[PDB]
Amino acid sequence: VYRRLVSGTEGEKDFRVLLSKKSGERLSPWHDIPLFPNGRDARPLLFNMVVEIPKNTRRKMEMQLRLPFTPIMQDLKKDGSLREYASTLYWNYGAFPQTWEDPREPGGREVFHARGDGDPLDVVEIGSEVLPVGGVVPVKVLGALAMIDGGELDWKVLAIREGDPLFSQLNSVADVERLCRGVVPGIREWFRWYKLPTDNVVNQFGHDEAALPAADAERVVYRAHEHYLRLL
């Protein structure tokens, strides 16, 4: 469905992934990829996921929202070096197109009244297959962890790629805990601890650290989608 135009070498400053339709026409993975690849009336409801960080990698790849067509490149520190996480991420990681965590909207106290992180909504894909930088895959939402990253509400939605062998068997948080041991706590503990070496901070999680159910996590995506639509 979407074409990856890869340039440079993956570990260097010239690396960049650009997206185009199969017509050849360039398009933004954030603006012009539909959030619902088969409409809002599909059941099970599928969301598009733009993969930024592949499973088993450590480079902080992200869509460059300032640039035309929002290409994916590695984040830079102010020292101008390519930025990496202190630990390898064990799952495909990215964001939902056409979503925005509006900082102007305050959460209840289940999330310590934290505010939107200001970025496209983050999603963790738990499938076995390694997905490439700039990949776009339809996913089924399974749940969501409400991370609090320095006073900011930073949702991590959990999803499973359509076509993964266990897709039809995973429909809720309990199914993941049952058929994929360590995935839910591994993701929670990864994002709780990953900024200890860089910032000496241990993050918190709202809703008593629980993974909110799939239906509630779908509503989180909807709200971020409308915040995005309201932005335009």
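Residues carry their position along the shown sequence, with the first being 1.
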{"item": "Of 160-168 and 191-199, the stretch whose C-alpha atoms average the higher B-factor in the entry", "value": "160-168"}
{"item": "Stretch with the higher entry mean CA B-factor, where the candidates are 175-183 and 39-47", "value": "39-47"}
{"item": "Highest recorded Cα temperature factor - choice among 92, 74, 81, 88", "value": "81"}
{"item": "Top residue by Cα temperature factor, when 132, 106, 120, 143 are compared in the entry", "value": "106"}
{"item": "Chain thirds of CA B-factor: placement of residue 54", "value": "lowest"}
{"item": "Chain thirds of CA B-factor: placement of residue 207", "value": "highest"}
{"item": "Entry-reported Cα temperature factor of residue 125, expressed as the chain third it lands in", "value": "lowest"}
{"item": "Residue 155 CA temperature factor, ranked by third within the chain", "value": "lowest"}
{"item": "CA B-factor placement of residue 100, once the chain's modelled residues are sorted into thirds", "value": "middle"}
